[PDB]
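# Descriptive analysis of the structure
Here's the letter readout for the chains.
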Amino acid sequence: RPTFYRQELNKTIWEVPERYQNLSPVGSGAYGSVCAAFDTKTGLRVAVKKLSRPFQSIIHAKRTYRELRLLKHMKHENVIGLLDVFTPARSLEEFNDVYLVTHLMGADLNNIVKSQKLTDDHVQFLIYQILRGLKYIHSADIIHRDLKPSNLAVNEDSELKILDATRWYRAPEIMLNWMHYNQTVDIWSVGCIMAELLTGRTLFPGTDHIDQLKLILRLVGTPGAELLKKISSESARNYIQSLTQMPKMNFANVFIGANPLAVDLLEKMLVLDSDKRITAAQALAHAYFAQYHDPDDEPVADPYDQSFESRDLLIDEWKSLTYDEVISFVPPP
Ligand SMILES: COc1cc(SC)ccc1C(=O)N1CCC(Cc2ccccc2)CC1
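Per the deposited record, X-ray crystallography is how this structure was determined, to a resolution of 1.80 Å.

For the protein chain, the PDB entry supplies the name Mitogen-activated protein kinase 14 and the organism Homo sapiens. The title given for this PDB entry is "Structure-based Design, Synthesis, and Biological Evaluation of Imidazo[4,5-b]pyridine-2-one based p38 MAP Kinase Inhibitors by scaffold hopping: compound 1".

Shown next, in the form of structure tokens:
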């Protein structure tokens, strides 16, 4: 058990192993209580996150367990995972704080891109990495559901990891409260991000929820007969038929001057019917990514057991399960 020290940052008390030095807050609170630090063991800069009130209630405790389990499972170059997890507690009874450590990327996509058009090569590199991480996440039978620039951790060299208005990147089926959705809700977000990197403009900057849907449907058209046949709710259908009916735009007339392969990929990502939307693995094989695609280096995750989500346990049970996961953590090589 290492020597811990205490430090106060932004009125938060941190107790961390002496391994982690030069703590300084990062993210201005957007990502919770997070500090950058120097990892004396590796010479790398890391982000340390102090979980907030992890065992105050059953919901917090199960959330803590959820977050630790997920981050422990995610082992991929383009997904945030764990370099370390620790607690100053020396026993389960003492256990009341959880710290997580990962590589410090230090910016989100928007801080790196600054709403400029990127070159087509630069867009290929960024979107390729999002899709490579998404293929991994999706292979674990996980859906992100809120992919957007601020959830992409990106360094100055545009190396990117997925972190597991706010509404500009959300799939229409989520906006429309459809009860079933599939992993390609995330591919919708990717398409929105790719469009914005190419054009320098948010694709669907709706003023509010309704406007958002109107901007989406103007580009992708109102639902075709094949999609309408899959909507179980008469009122939802009546709702959809209530809207102004619009044919789909030809994206070649929207993304003027883009690489035709990018437009083609966007067409396959921004399909209204999410059953017809390209998956992450299919997108990685698309000719747009020929310079980056390596089918033998786009790894998938081990099966991820989420059955705890269906359980109703007591606080001390979630806390003990979380302590077990702290104890069993094995750092990456
Ligand atoms: C979008 O990413 C950033 C954005 C910024 S300013 C917009 C600054 C820093 C990062 C950055 O490097 N983060 C990575 C670490 C994240 C917290 C965490 C710690 C440990 C374990 C899991 C998670 C926060 C985000």
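What follows continues from the structure just given.
## Quick notes on the layout of surface pockets
Using a probe with the size of a water molecule, rolled over the atoms, empty space left in the structure can be pinpointed. Of the volumes computed, that of the second largest pocket is approximately 510 Å³. Together, 23 residues line the second largest pocket, and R19, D84, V85, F86 and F329 are the ones closest to its centre. For the lining of the second largest pocket, the elements supplying multiple residues, two or more each, are β6 (84-86) and α11 (315-328).

## Describing the site of the ligand
In the vicinity of the ligand, 18 residues are found, and the nearest of them are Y31, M105, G106, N111 and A153. Between an oxygen atom of the ligand and a main-chain N or O atom of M105, the distance comes to 2.8 Å. Contact between the ligand and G106: an oxygen atom at 2.8 Å from a main-chain N or O atom of the residue. In isolation the ligand offers 570 Å² of accessible surface; the protein chains occlude 93% of this area. Counting only elements with at least two residues in the shell around the ligand, the list comes to β5 (44-50), β7 (99-103) and β8 (152-154). The element best represented in the shell around the ligand is β7, accounting for three residues. Of the residues assigned to the shell around the ligand, the class counts are 12 nonpolar, four polar and two charged. Residues from two domains meet in the shell around the ligand; each of domain 1 (4-105 + 304-328) and domain 2 (109-289) gives at least three.

## Things to note about helix α1 (residues 58-73)
Since the α-helix advances by 3.6 residues per turn, residues separated by three or four positions end up pointing in the same direction. Helix length check: α1, at 16 residues, gives a terminal C-alpha distance of 22 Å against a target of 22 Å (1.5 Å per residue), a fit within 8%. Along α1, the residues that are buried comprise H60, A61, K62, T64, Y65, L68, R69, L70, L71, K72 and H73. Structurally, α1 contributes buried residues whose contacts are with β6, β7, α3 (120-139) and α11.

## So, the UniProt feature "binding site: ATP" in the protein chain
Mapped onto this structure's residue numbering, the UniProt feature "binding site: ATP" falls at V26, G27, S28, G29, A30, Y31, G32, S33, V34 and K49. A maximum C-alpha distance of 12.6 Å among these annotated residues, which run over 24 residues, shows that they cluster at one spot. With respect to the element layout, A30 can be found in the loop between β3 (20-25) and β4 (33-39). For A30, a relative accessible area of 61% translates into the label exposed. Here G32 is to be found in the loop between β3 and β4.

Here is what the cut-offs are and how they apply
- Residues numbered from 1 in each chain as written, not as in the entry; some residues may be left out.
- Heavy atoms only, no water.
- Residues with missing side-chain atoms left out of burial classes, pairs and counts.
- 1 Å grid on protein atoms, 1.4 Å probe; cavity = no way out; pocket = protein on both sides within 12 Å on 5 of 7 lines; lining within 4 Å.
- Points joined across faces, edges and corners; volume = space filled by probe spheres on them.
- Helix = DSSP H or I, 4+ residues; strand = E, 2+ residues; numbered from the N terminus.
- Near = heavy atom within 4 Å.
- Polar contact = N/O pair within 3.5 Å; in protein donor to acceptor, adjacent residues only side chain to side chain.
- Areas by Shrake-Rupley, 256 points an atom, 1.4 Å probe, with all protein chains shown as cover.
- Nonpolar A, V, L, I, M, F, W, Y, C, P; charged D, E, K, R; others polar.
- Domains from an automatic or database assignment.
- Expected span 1.5 Å × (residues − 1).
- Buried < 20%, exposed > 50% of the residue type's maximum accessible area, 1.4 Å probe, protein only.
- Contact = heavy atoms within 4.5 Å.
- UniProt positions renumbered as here; feature names shortened; annotations may be inferred.

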